[PDB]
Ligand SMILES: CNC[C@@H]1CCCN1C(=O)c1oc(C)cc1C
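First comes one chain, alone, set out as structure tokens in the form deposited without this ligand.
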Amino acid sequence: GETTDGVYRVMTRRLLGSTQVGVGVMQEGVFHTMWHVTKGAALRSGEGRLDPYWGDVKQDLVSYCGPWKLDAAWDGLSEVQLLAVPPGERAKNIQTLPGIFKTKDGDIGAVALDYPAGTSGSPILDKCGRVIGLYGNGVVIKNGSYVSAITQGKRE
């Protein structure tokens, strides 16, 4: 399969036509996505198979072919870019100043950008192009709009 670093669409043919269920990050030979995208199923890259290596339903994350590699963090100050990969549409940078999710266990960056659910797993980047987390696990607000955590894993 293709193992070049970059952003990838996650597709299924189990529905009408070819449907984009989410997005993920290929870095150092490991594929990174949100649990709710794959539900931990195996993936195909061309004729190659990608098997789940690590996952956590509560973190809503999953890695394929090896351990989670992405360890950069939001500074808490600076604008960030969602590299949105929407269903049927070209990858597009969107620059935004994250808000904050305040939880009993700590503060998390959040990004108030509305995209179709099949955008889940698109990366959020800092100014050096490092992946500080994955978009698509968050909450529906008073307005009816969507606000997504910046969800990051731990590199062991």
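Start at 1 with the first residue shown and count on from there.
Peer 1: If you average the CA temperature factors as listed in the entry, which stretch comes out higher, 120 to 128 or 50 to 58?
Peer 2: Per the deposited B-factors, the answer is 120 to 128.
Peer 1: Averaging only over Cα atoms, indicate whether 62 to 70 or 90 to 98 has the higher B-factor in the PDB entry.
Peer 2: The deposited B-factors put 90 to 98 ahead on the C-alpha mean.
Peer 1: When the deposited Cα B-factors of this chain's modelled residues are ordered and cut into thirds, is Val111 in the lowest, the middle or the highest one?
Peer 2: Ranked within chain, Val111 CA B lands in the middle tercile.
Peer 1: Looking at the entry's B-factor column for C-alpha atoms only, identify whether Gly22 ranks in the lowest, middle or highest third of its chain.
Peer 2: It belongs to the lowest third of the chain when residues are ordered by C-alpha B-factor.
Peer 1: Quick check for you: using the entry's CA B-factors within this chain, is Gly133 in the lowest, middle or highest third?
Peer 2: Bottom third by C-alpha B-factor.
Peer 1: Grab the CA temperature factor for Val10 from the record and place it in the lowest, middle or highest third of its chain.
Peer 2: Tercile = lowest for this residue's CA B-factor.
Peer 1: Using the temperature factors of the C-alpha atoms in this entry, rank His32 within its chain: lowest, middle or highest third.
Peer 2: As the PDB entry reports it, the C-alpha B-factor of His32 lands in the lowest third of its chain.
Below, we turn to the form deposited with this ligand bound, even though it does not appear here.
Peer 1: Although the partner isn't part of this model, could you tell me whether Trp35 comes within 4.5 Å of this ligand in the bound PDB entry, counting any heavy atom of the residue?
Peer 2: Contact with this ligand, yes.
Peer 1: Under a 4.5 Å heavy atom criterion, is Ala42 part of the interface with this ligand in the bound PDB entry?
Peer 2: Answer yes; at least one heavy atom of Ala42 falls within 4.5 Å of this ligand in the bound PDB entry.
Peer 1: Would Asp51 count as a contact of this ligand in the bound PDB entry, using a 4.5 angstroms cut-off between non-hydrogen atoms?
Peer 2: Yes, contact at 4.5 Å.
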